[PDB]
file start.pdb (PDB, C-alpha atoms)
ATOM      1  CA  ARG A   1      47.610 118.206   7.094  1.00  0.00           C
ATOM      2  CA  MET A   2      48.793 120.473   9.945  1.00  0.00           C
ATOM      3  CA  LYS A   3      52.156 118.852  10.768  1.00  0.00           C
ATOM      4  CA  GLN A   4      53.221 118.569   7.162  1.00  0.00           C
ATOM      5  CA  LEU A   5      52.777 122.324   6.745  1.00  0.00           C
ATOM      6  CA  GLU A   6      54.622 123.104   9.884  1.00  0.00           C
ATOM      7  CA  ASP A   7      57.187 120.477   9.016  1.00  0.00           C
ATOM      8  CA  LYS A   8      57.561 122.176   5.697  1.00  0.00           C
ATOM      9  CA  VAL A   9      57.896 125.708   7.191  1.00  0.00           C
ATOM     10  CA  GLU A  10      60.677 124.990   9.650  1.00  0.00           C
ATOM     11  CA  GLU A  11      62.662 123.478   6.740  1.00  0.00           C
ATOM     12  CA  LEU A  12      62.023 126.554   4.586  1.00  0.00           C
ATOM     13  CA  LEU A  13      62.984 128.534   7.695  1.00  0.00           C
ATOM     14  CA  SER A  14      66.238 126.652   7.777  1.00  0.00           C
ATOM     15  CA  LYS A  15      67.101 127.314   4.087  1.00  0.00           C
ATOM     16  CA  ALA A  16      66.328 131.032   3.994  1.00  0.00           C
ATOM     17  CA  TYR A  17      68.458 131.397   7.056  1.00  0.00           C
ATOM     18  CA  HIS A  18      71.478 129.788   5.516  1.00  0.00           C
ATOM     19  CA  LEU A  19      70.741 131.813   2.378  1.00  0.00           C
ATOM     20  CA  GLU A  20      70.869 135.208   4.096  1.00  0.00           C
ATOM     21  CA  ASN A  21      74.218 134.329   5.531  1.00  0.00           C
ATOM     22  CA  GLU A  22      75.541 133.276   2.132  1.00  0.00           C
ATOM     23  CA  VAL A  23      74.334 136.537   0.478  1.00  0.00           C
ATOM     24  CA  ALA A  24      75.674 138.532   3.335  1.00  0.00           C
ATOM     25  CA  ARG A  25      79.038 136.935   2.693  1.00  0.00           C
ATOM     26  CA  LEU A  26      78.812 137.360  -1.067  1.00  0.00           C
ATOM     27  CA  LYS A  27      78.108 141.009  -0.276  1.00  0.00           C
ATOM     28  CA  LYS A  28      81.573 141.346   1.180  1.00  0.00           C
ATOM     29  CA  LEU A  29      83.624 139.391  -1.415  1.00  0.00           C
ATOM     30  CA  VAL A  30      82.518 142.191  -3.737  1.00  0.00           C
ATOM     31  CA  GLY A  31      81.829 145.705  -2.474  1.00  0.00           C
ATOM     32  CA  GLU A  32      80.538 145.977   1.101  1.00  0.00           C
ATOM     33  CA  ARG A  33      76.979 147.291   0.903  1.00  0.00           C
TER      34      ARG A  33
ATOM     35  CA  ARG C   1      42.144 127.066   4.164  1.00  0.00           C
ATOM     36  CA  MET C   2      45.108 124.631   4.349  1.00  0.00           C
ATOM     37  CA  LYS C   3      45.005 124.271   0.589  1.00  0.00           C
ATOM     38  CA  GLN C   4      45.741 128.001   0.907  1.00  0.00           C
ATOM     39  CA  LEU C   5      48.734 127.768   3.099  1.00  0.00           C
ATOM     40  CA  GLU C   6      49.684 124.645   1.228  1.00  0.00           C
ATOM     41  CA  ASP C   7      49.656 127.071  -1.692  1.00  0.00           C
ATOM     42  CA  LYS C   8      51.574 129.847  -0.100  1.00  0.00           C
ATOM     43  CA  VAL C   9      54.114 127.282   0.981  1.00  0.00           C
ATOM     44  CA  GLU C  10      54.243 126.072  -2.567  1.00  0.00           C
ATOM     45  CA  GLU C  11      55.354 129.456  -3.888  1.00  0.00           C
ATOM     46  CA  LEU C  12      57.981 129.656  -1.173  1.00  0.00           C
ATOM     47  CA  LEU C  13      59.336 126.247  -2.089  1.00  0.00           C
ATOM     48  CA  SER C  14      59.665 127.371  -5.634  1.00  0.00           C
ATOM     49  CA  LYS C  15      61.146 130.737  -4.588  1.00  0.00           C
ATOM     50  CA  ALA C  16      63.715 129.125  -2.349  1.00  0.00           C
ATOM     51  CA  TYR C  17      64.675 126.567  -5.024  1.00  0.00           C
ATOM     52  CA  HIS C  18      65.535 129.301  -7.628  1.00  0.00           C
ATOM     53  CA  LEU C  19      67.189 131.494  -4.962  1.00  0.00           C
ATOM     54  CA  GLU C  20      69.404 128.561  -3.933  1.00  0.00           C
ATOM     55  CA  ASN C  21      70.485 127.958  -7.494  1.00  0.00           C
ATOM     56  CA  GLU C  22      71.257 131.658  -8.104  1.00  0.00           C
ATOM     57  CA  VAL C  23      73.272 131.986  -5.005  1.00  0.00           C
ATOM     58  CA  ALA C  24      75.305 128.810  -5.882  1.00  0.00           C
ATOM     59  CA  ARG C  25      76.025 130.026  -9.369  1.00  0.00           C
ATOM     60  CA  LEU C  26      77.290 133.512  -8.162  1.00  0.00           C
ATOM     61  CA  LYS C  27      79.266 131.992  -5.361  1.00  0.00           C
ATOM     62  CA  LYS C  28      81.111 130.109  -8.137  1.00  0.00           C
ATOM     63  CA  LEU C  29      81.447 133.022 -10.536  1.00  0.00           C
ATOM     64  CA  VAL C  30      82.550 135.577  -7.978  1.00  0.00           C
ATOM     65  CA  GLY C  31      85.452 133.703  -6.442  1.00  0.00           C
ATOM     66  CA  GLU C  32      88.131 135.232  -4.296  1.00  0.00           C
ATOM     67  CA  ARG C  33      88.595 135.307  -0.519  1.00  0.00           C
TER      68      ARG C  33
ATOM     69  CA  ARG H   1      48.617 126.702  15.966  1.00  0.00           C
ATOM     70  CA  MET H   2      47.355 128.810  13.035  1.00  0.00           C
ATOM     71  CA  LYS H   3      48.435 132.219  14.184  1.00  0.00           C
ATOM     72  CA  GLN H   4      51.863 130.695  14.594  1.00  0.00           C
ATOM     73  CA  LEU H   5      52.036 128.997  11.188  1.00  0.00           C
ATOM     74  CA  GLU H   6      50.460 131.924   9.370  1.00  0.00           C
ATOM     75  CA  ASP H   7      52.934 134.132  11.169  1.00  0.00           C
ATOM     76  CA  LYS H   8      55.822 131.834  10.169  1.00  0.00           C
ATOM     77  CA  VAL H   9      54.697 132.078   6.557  1.00  0.00           C
ATOM     78  CA  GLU H  10      54.947 135.847   6.757  1.00  0.00           C
ATOM     79  CA  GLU H  11      58.404 135.656   8.230  1.00  0.00           C
ATOM     80  CA  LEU H  12      59.282 133.536   5.177  1.00  0.00           C
ATOM     81  CA  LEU H  13      57.569 135.822   2.652  1.00  0.00           C
ATOM     82  CA  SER H  14      59.411 138.729   4.157  1.00  0.00           C
ATOM     83  CA  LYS H  15      62.877 137.079   3.849  1.00  0.00           C
ATOM     84  CA  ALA H  16      62.335 135.610   0.349  1.00  0.00           C
ATOM     85  CA  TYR H  17      61.446 139.223  -0.756  1.00  0.00           C
ATOM     86  CA  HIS H  18      64.522 140.749   0.844  1.00  0.00           C
ATOM     87  CA  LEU H  19      66.791 137.958  -0.510  1.00  0.00           C
ATOM     88  CA  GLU H  20      65.400 138.261  -4.041  1.00  0.00           C
ATOM     89  CA  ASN H  21      66.115 141.889  -4.021  1.00  0.00           C
ATOM     90  CA  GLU H  22      69.652 141.522  -2.671  1.00  0.00           C
ATOM     91  CA  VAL H  23      70.414 138.764  -5.134  1.00  0.00           C
ATOM     92  CA  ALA H  24      68.991 140.858  -8.026  1.00  0.00           C
ATOM     93  CA  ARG H  25      71.261 143.828  -7.220  1.00  0.00           C
ATOM     94  CA  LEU H  26      74.246 141.559  -6.727  1.00  0.00           C
ATOM     95  CA  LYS H  27      73.775 140.446 -10.285  1.00  0.00           C
ATOM     96  CA  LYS H  28      73.714 143.986 -11.727  1.00  0.00           C
ATOM     97  CA  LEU H  29      76.842 144.827  -9.704  1.00  0.00           C
ATOM     98  CA  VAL H  30      78.791 141.997 -11.231  1.00  0.00           C
ATOM     99  CA  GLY H  31      77.331 142.060 -14.690  1.00  0.00           C
ATOM    100  CA  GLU H  32      75.796 138.595 -14.504  1.00  0.00           C
ATOM    101  CA  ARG H  33      72.305 137.948 -15.792  1.00  0.00           C
TER     102      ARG H  33
END
call {"tool": "encode", "arguments": {"input": "start.pdb", "output": "structure tokens"}}
result
Amino acid sequence: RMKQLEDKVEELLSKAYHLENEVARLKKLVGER
Amino acid sequence: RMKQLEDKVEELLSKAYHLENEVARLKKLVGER
Amino acid sequence: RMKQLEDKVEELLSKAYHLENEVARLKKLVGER
């Protein structure tokens, strides 16, 4: 039960990370914050 | 207890899934650099 | 284990929240819904 959850979380951790970078970038190809 | 976390990880999975979709769509729509 | 996981889940909750917000604004700024 433990591993699965942690497995799960590092994966989620990976996605959100990539996501922030993508948004950051989309934030420039428009009007810089 | 873990059914909890396995629940709070379940909302995150769903959150990340929609967020990924939204970001892909915009990425497409925006377009430029 | 648990303080770590539970703390990792908060990191995640934090970021999903930020991201959602950023994405939401990004969609008003470009007219997309």
call {"tool": "closest_atom_pairs", "arguments": {"input": "start.pdb", "of": "chain A", "to": "chain H", "cutoff": "7 Å", "atoms": "only C-alpha atoms", "output": "CSV"}}
result
residue,atom,partner,partner_atom,distance
A:6,CA,H:5,CA,6.6
A:13,CA,H:12,CA,6.7
A:16,CA,H:15,CA,7.0
A:20,CA,H:19,CA,6.7
call {"tool": "calpha_fit_and_write", "arguments": {"input": "start.pdb", "fixed": "chain H", "moving": "chain A", "output": "PDB file with C-alpha atoms, keeping the file's coordinate frame"}}
result
ATOM      1  CA  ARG A   1      48.693 126.171  16.106  1.00  0.00           C
ATOM      2  CA  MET A   2      47.182 127.910  13.047  1.00  0.00           C
ATOM      3  CA  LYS A   3      48.247 131.522  13.708  1.00  0.00           C
ATOM      4  CA  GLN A   4      51.797 130.610  14.594  1.00  0.00           C
ATOM      5  CA  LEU A   5      52.197 128.917  11.211  1.00  0.00           C
ATOM      6  CA  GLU A   6      50.697 131.781   9.364  1.00  0.00           C
ATOM      7  CA  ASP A   7      52.632 134.182  11.537  1.00  0.00           C
ATOM      8  CA  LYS A   8      55.720 132.270  10.614  1.00  0.00           C
ATOM      9  CA  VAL A   9      54.959 132.252   6.840  1.00  0.00           C
ATOM     10  CA  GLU A  10      54.421 135.966   6.383  1.00  0.00           C
ATOM     11  CA  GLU A  11      57.809 136.519   8.088  1.00  0.00           C
ATOM     12  CA  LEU A  12      59.481 133.979   5.793  1.00  0.00           C
ATOM     13  CA  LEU A  13      57.609 135.759   2.992  1.00  0.00           C
ATOM     14  CA  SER A  14      59.205 138.980   4.096  1.00  0.00           C
ATOM     15  CA  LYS A  15      62.788 137.580   4.144  1.00  0.00           C
ATOM     16  CA  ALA A  16      62.734 135.800   0.789  1.00  0.00           C
ATOM     17  CA  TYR A  17      61.423 138.977  -0.705  1.00  0.00           C
ATOM     18  CA  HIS A  18      64.249 141.095   0.563  1.00  0.00           C
ATOM     19  CA  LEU A  19      66.594 138.285  -0.485  1.00  0.00           C
ATOM     20  CA  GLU A  20      65.521 138.257  -4.137  1.00  0.00           C
ATOM     21  CA  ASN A  21      66.133 141.950  -4.321  1.00  0.00           C
ATOM     22  CA  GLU A  22      69.593 141.582  -2.804  1.00  0.00           C
ATOM     23  CA  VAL A  23      70.550 138.787  -5.274  1.00  0.00           C
ATOM     24  CA  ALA A  24      69.099 140.737  -8.108  1.00  0.00           C
ATOM     25  CA  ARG A  25      71.377 143.589  -7.130  1.00  0.00           C
ATOM     26  CA  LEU A  26      74.391 141.349  -6.617  1.00  0.00           C
ATOM     27  CA  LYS A  27      73.640 140.099 -10.126  1.00  0.00           C
ATOM     28  CA  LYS A  28      74.398 143.533 -11.494  1.00  0.00           C
ATOM     29  CA  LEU A  29      77.527 144.433  -9.454  1.00  0.00           C
ATOM     30  CA  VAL A  30      79.055 141.514 -11.352  1.00  0.00           C
ATOM     31  CA  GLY A  31      77.911 140.559 -14.845  1.00  0.00           C
ATOM     32  CA  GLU A  32      74.260 141.277 -15.667  1.00  0.00           C
ATOM     33  CA  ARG A  33      72.545 137.921 -16.141  1.00  0.00           C
TER      34      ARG A  33
END
call {"tool": "atom_distance", "arguments": {"input": "start.pdb", "atom1": "atom CA of residue C:14", "atom2": "atom CA of residue H:28"}}
result
22.6 Å
call {"tool": "atom_distance", "arguments": {"input": "start.pdb", "atom1": "atom CA of residue H:32", "atom2": "atom CA of residue C:25"}}
result
10.0 Å
call {"tool": "axis_aligned_box", "arguments": {"input": "start.pdb", "around": "stretch 2-14 of chain C", "padding_each_side": "6 Å", "output": "lines of an AutoDock Vina configuration file"}}
result
center_x = 52.3
center_y = 127.1
center_z = -0.6
size_x = 26.7
size_y = 17.6
size_z = 22.0
call {"tool": "atom_distance", "arguments": {"input": "start.pdb", "atom1": "atom CA of residue A:24", "atom2": "atom CA of residue H:33"}}
result
19.4 Å
call {"tool": "build_atoms", "arguments": {"input": "start.pdb", "residues": "stretch 3-23 of chain H", "atoms": "N, CA, C and O atoms", "output": "JSON list (two decimals), in the coordinates of the input"}}
result
[["chain", "number", "residue", "atom", "x", "y", "z"],
["H", 3, "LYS", "N", 47.85, 130.90, 14.20],
["H", 3, "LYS", "CA", 48.44, 132.22, 14.18],
["H", 3, "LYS", "C", 49.93, 132.06, 14.02],
["H", 3, "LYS", "O", 50.61, 132.83, 13.34],
["H", 4, "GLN", "N", 50.44, 131.00, 14.64],
["H", 4, "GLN", "CA", 51.86, 130.70, 14.59],
["H", 4, "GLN", "C", 52.39, 130.34, 13.20],
["H", 4, "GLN", "O", 53.38, 130.88, 12.74],
["H", 5, "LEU", "N", 51.69, 129.43, 12.53],
["H", 5, "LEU", "CA", 52.04, 129.00, 11.19],
["H", 5, "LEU", "C", 51.97, 130.20, 10.24],
["H", 5, "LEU", "O", 52.96, 130.58, 9.61],
["H", 6, "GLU", "N", 50.78, 130.77, 10.16],
["H", 6, "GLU", "CA", 50.46, 131.92, 9.37],
["H", 6, "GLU", "C", 51.46, 133.03, 9.66],
["H", 6, "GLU", "O", 51.80, 133.83, 8.78],
["H", 7, "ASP", "N", 51.95, 133.09, 10.89],
["H", 7, "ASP", "CA", 52.93, 134.13, 11.17],
["H", 7, "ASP", "C", 54.34, 133.74, 10.68],
["H", 7, "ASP", "O", 55.17, 134.60, 10.34],
["H", 8, "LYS", "N", 54.57, 132.42, 10.62],
["H", 8, "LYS", "CA", 55.82, 131.83, 10.17],
["H", 8, "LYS", "C", 55.95, 131.96, 8.66],
["H", 8, "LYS", "O", 57.04, 132.09, 8.13],
["H", 9, "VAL", "N", 54.79, 131.95, 8.00],
["H", 9, "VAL", "CA", 54.70, 132.08, 6.56],
["H", 9, "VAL", "C", 54.98, 133.52, 6.14],
["H", 9, "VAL", "O", 55.44, 133.81, 5.03],
["H", 10, "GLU", "N", 54.69, 134.45, 7.05],
["H", 10, "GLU", "CA", 54.95, 135.85, 6.76],
["H", 10, "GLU", "C", 56.43, 136.12, 6.98],
["H", 10, "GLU", "O", 57.09, 136.86, 6.23],
["H", 11, "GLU", "N", 56.98, 135.49, 8.01],
["H", 11, "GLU", "CA", 58.40, 135.66, 8.23],
["H", 11, "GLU", "C", 59.14, 135.28, 6.93],
["H", 11, "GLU", "O", 59.99, 136.01, 6.42],
["H", 12, "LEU", "N", 58.76, 134.12, 6.39],
["H", 12, "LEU", "CA", 59.28, 133.54, 5.18],
["H", 12, "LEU", "C", 59.11, 134.41, 3.96],
["H", 12, "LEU", "O", 60.05, 134.54, 3.19],
["H", 13, "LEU", "N", 57.91, 134.96, 3.79],
["H", 13, "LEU", "CA", 57.57, 135.82, 2.65],
["H", 13, "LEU", "C", 58.43, 137.07, 2.66],
["H", 13, "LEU", "O", 58.91, 137.57, 1.65],
["H", 14, "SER", "N", 58.62, 137.56, 3.86],
["H", 14, "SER", "CA", 59.41, 138.73, 4.16],
["H", 14, "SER", "C", 60.82, 138.53, 3.62],
["H", 14, "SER", "O", 61.23, 139.27, 2.72],
["H", 15, "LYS", "N", 61.52, 137.52, 4.18],
["H", 15, "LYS", "CA", 62.88, 137.08, 3.85],
["H", 15, "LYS", "C", 63.08, 136.69, 2.37],
["H", 15, "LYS", "O", 64.02, 137.14, 1.72],
["H", 16, "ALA", "N", 62.19, 135.91, 1.77],
["H", 16, "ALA", "CA", 62.34, 135.61, 0.35],
["H", 16, "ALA", "C", 62.42, 136.91, -0.47],
["H", 16, "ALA", "O", 63.21, 136.98, -1.40],
["H", 17, "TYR", "N", 61.56, 137.91, -0.12],
["H", 17, "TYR", "CA", 61.45, 139.22, -0.76],
["H", 17, "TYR", "C", 62.74, 139.98, -0.62],
["H", 17, "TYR", "O", 63.28, 140.49, -1.60],
["H", 18, "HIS", "N", 63.26, 140.06, 0.60],
["H", 18, "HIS", "CA", 64.52, 140.75, 0.84],
["H", 18, "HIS", "C", 65.64, 140.12, 0.00],
["H", 18, "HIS", "O", 66.28, 140.78, -0.83],
["H", 19, "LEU", "N", 65.82, 138.80, 0.19],
["H", 19, "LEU", "CA", 66.79, 137.96, -0.51],
["H", 19, "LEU", "C", 66.76, 138.13, -2.05],
["H", 19, "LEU", "O", 67.77, 138.25, -2.71],
["H", 20, "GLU", "N", 65.58, 138.11, -2.63],
["H", 20, "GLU", "CA", 65.40, 138.26, -4.04],
["H", 20, "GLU", "C", 65.95, 139.58, -4.50],
["H", 20, "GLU", "O", 66.60, 139.71, -5.54],
["H", 21, "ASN", "N", 65.67, 140.57, -3.69],
["H", 21, "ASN", "CA", 66.11, 141.89, -4.02],
["H", 21, "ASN", "C", 67.61, 141.97, -3.98],
["H", 21, "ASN", "O", 68.18, 142.41, -4.95],
["H", 22, "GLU", "N", 68.20, 141.53, -2.86],
["H", 22, "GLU", "CA", 69.65, 141.52, -2.67],
["H", 22, "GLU", "C", 70.36, 140.78, -3.80],
["H", 22, "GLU", "O", 71.34, 141.25, -4.36],
["H", 23, "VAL", "N", 69.86, 139.58, -4.10],
["H", 23, "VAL", "CA", 70.41, 138.76, -5.13],
["H", 23, "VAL", "C", 70.35, 139.48, -6.46],
["H", 23, "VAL", "O", 71.33, 139.44, -7.18]]
